[PDB]
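Analysis of the macromolecular model
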Amino acid sequence: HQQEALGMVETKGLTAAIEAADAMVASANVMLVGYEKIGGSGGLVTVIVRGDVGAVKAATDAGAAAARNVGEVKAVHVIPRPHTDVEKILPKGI
Amino acid sequence: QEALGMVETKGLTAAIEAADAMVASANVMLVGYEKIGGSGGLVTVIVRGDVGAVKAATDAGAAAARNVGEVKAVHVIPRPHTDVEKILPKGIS
Amino acid sequence: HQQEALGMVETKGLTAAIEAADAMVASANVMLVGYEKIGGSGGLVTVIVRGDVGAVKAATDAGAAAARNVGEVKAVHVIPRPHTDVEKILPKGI
Amino acid sequence: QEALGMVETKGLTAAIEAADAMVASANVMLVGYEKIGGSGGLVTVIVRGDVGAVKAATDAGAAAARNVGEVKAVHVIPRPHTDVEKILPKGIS
Amino acid sequence: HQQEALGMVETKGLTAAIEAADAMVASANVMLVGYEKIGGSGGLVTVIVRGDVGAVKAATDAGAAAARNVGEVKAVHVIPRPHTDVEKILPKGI
Amino acid sequence: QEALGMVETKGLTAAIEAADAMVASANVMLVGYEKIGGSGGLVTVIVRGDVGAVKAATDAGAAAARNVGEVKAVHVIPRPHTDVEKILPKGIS
């Protein structure tokens, strides 16, 4: 029994975000939560994933490595969230 | 009525880390995110609760956010002059 | 019997706009009309208030003074509008 | 049919001052605002009415707006080639 | 029997786009398809027209000439599209 | 299942030229446009179909777009790891 976790890769543009998502779901047993468009200078897209801490750490590292060859990665981060309400922290539209 | 706390960051990733850090105490409620945009790609995380709880939560959120991204604003309104529903903007989640 | 008036404080970001709103409703007997997000480089939020010319002049001066300690104030303005249709001039979504 | 007048400003505050100034004559009708964004945070105020009324209103709107903010564009289309509803964009208020 | 065509004039701001549209519909027997707001630094508005290749070439040249006296024209382009499904290529919201 | 192709441009005009060029072969399907914004005014054209068809279409789209505007990104995902519906964002047309 592990701890749940939230993983993010924030890129300039959608193309790099789709490559980060595909790379993330391919590298670990992580579930793709969804994309979040924030736009504003750079046109930022955030790819969010969930799963075991180790899986999410490996997936975000993989997704960022992939996305960097397509576009610019602005942020890469892992939140090891609790057991219950792992997506309570996310924004409503996902 | 209740105190209002805000952390405004450049990007969503830093805003989600600020939110997780802020809700980490049982007496602080996540009101929601508000996307503004501009050069930063500004996201505002709003919380409510007791003055002390909100002061500690926003200080925690900003501390966390900063290690992920850039914090543009951090503020606490201990006694909002109108009902927190009146003072806040229409779309908030 | 006075003249009705419209007051605005336009800031970079929402946090400074919420502080301007709270400061405005605290300083004078002015009603908070609402916020308007315009985004685009700076991420501009406009706080609109209504009431007596004097009240609105005092409130916008107060709101701008407050908002400047939280963020950047881009514009501060008072329109002394007519008796009838004081919000006819505003944009629909408020 | 009727003439079309536009004042495009950097920001909403300057656009509201332009609109108030433009509608200040009984023969000029406020079509609406259109938010565009970009580096300016562009807002377009559109009016309609008689050529003379619209020429005087847009010149008044731009004169006013300029003292509040930056005016990016001012223009009058005296005889729009299609119906004003056809020439304008779908969402206008 | 000619070939159908799609014409575009992309400007910084709406005012220049409305002048480009009015100029386009005045210069040739072209139908105004609609506007597309893309925003992001410059606040780009695209005016799309359809009709005969020659008509669309003359209209876009006219619309761009007009729009340049009101604002900044970012792009001017003509696509001579097929006979069937001339608007299949366009984005849904127009 | 099917390969996924993307061309991301600064502006819509270059994106429409990329799309027209990409669909110019019967075995390539236009998924849709996605507007992102930022300094570029980014528009992403997404296509699907056979690997070879998608490789040739995105190379064609980028070749075309570039003569109209600026191409920010060009990429092909030959074997998307989840269903193409899962990997793509919710609003796509």
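Residues numbered from 1 in each chain as written, not as in the entry; some residues may be left out. Chains lettered and ligands numbered in written order. Heavy atoms only, no water. Residues with missing side-chain atoms left out of burial classes, pairs and counts.

Method information in the entry identifies X-ray crystallography as the source of the structure, with 3.1000 Å recorded as the resolution.

The subject of this paragraph is the sheet that holds strand β3 (residues 44-52) of chain E. In spatial order, the strands read β2-β3-β1-β4 (chain E); together these four strands make up an open sheet with antiparallel pairing. Looking along the sheet, the strands with just one partner apiece sit at the ends: β2 (31-39) and β4 (72-79) of chain E. Taking the axes of each pair of neighbouring strands and ignoring which way they run, one obtains an average angle of 15° across the sheet. Bridge analysis of β2 of chain E against β3 of chain E gives seven bridges, and the strand direction is antiparallel. Paired with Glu36 of chain E across the strands is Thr46 of chain E, a residue of β3 of chain E. Its contacts with the sheet put helix α1 (residues 12-23) of chain F on β1 (4-12), β2, β3 and β4 of chain E, and the angle it makes with β4 of chain E is roughly 15°. (Pairing = 2+ DSSP bridges. Helix = DSSP H or I, 4+ residues; strand = E, 2+ residues; numbered from the N terminus. Axes fitted to C-alpha atoms, helices over the stretch in contact; angles between N-to-C directions. Contact = heavy atoms within 4.5 Å.)

As a further point, take the arrangement of the chains. The two partners chain A and chain D share no contact, and the minimum distance between any of their C-alpha atoms is 9 Å. In this structure chain C stays clear of chain F, and the shortest span between their C-alpha atoms is 9 Å.

Two side chains that carry opposite charge are able to pair once their charged atoms sit near each other. Scanning all chains against the criterion turns up nine salt bridges over all chains. Residue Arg81 of chain C is joined to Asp20 of chain D by a salt bridge in which the shortest nitrogen-to-oxygen separation is 2.8 Å. Linking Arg81 of chain C in the segment after β4 (72-79) with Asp20 of chain D in helix α1 (residues 12-23), this pair reaches from one chain into another. The exposure classification of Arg81 of chain C matches that of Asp20 of chain D, with both residues buried. The salt bridge partner of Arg50 of chain E is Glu87 of chain E, with a shortest N-O separation of 3.3 Å. (Salt bridge = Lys/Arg side-chain N within 4 Å of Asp/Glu carboxyl O. Buried < 20%, exposed > 50% of the residue type's maximum accessible area, 1.4 Å probe, protein only.)

Moving on: the UniProt feature "domain: BMC" in chain B. In the UniProt entry, the feature "domain: BMC" is given for residues 3-89 of chain B. End C-alpha atoms of residues 3-89 of chain B are separated by 16 Å, and the span's content is 39% helix alongside 39% strand. (UniProt positions renumbered as here; feature names shortened; annotations may be inferred.)

Take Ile18 of chain A: it is sitting in helix α1 (residues 14-27). The exposure class assigned to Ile18 of chain A is buried, which follows from its relative accessible area of 0%. Separated by 48 residues in sequence, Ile18 of chain A and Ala66 of chain A have C-alpha atoms that sit 9.9 Å apart. Once residues lying within four places of it in the same chain are set aside, the contact partners of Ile18 of chain A are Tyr35 of chain A together with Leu4, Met6, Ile46, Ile77, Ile87 and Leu88 of chain F.

Our focus in this paragraph is the interface of chain F and chain A. Listed per partner, the contact involves 22 residues of chain F and 19 residues of chain A. Those elements giving two or more residues to the side of chain F that touches chain A turn out to be β1 (3-10), β2 (28-37), β3 (42-49), β4 (70-77) and α3 (84-87) of chain F. Classifying every residue of the side of chain F that touches chain A by side-chain character gives eleven nonpolar, seven polar and four charged. (Nonpolar A, V, L, I, M, F, W, Y, C, P; charged D, E, K, R; others polar.)

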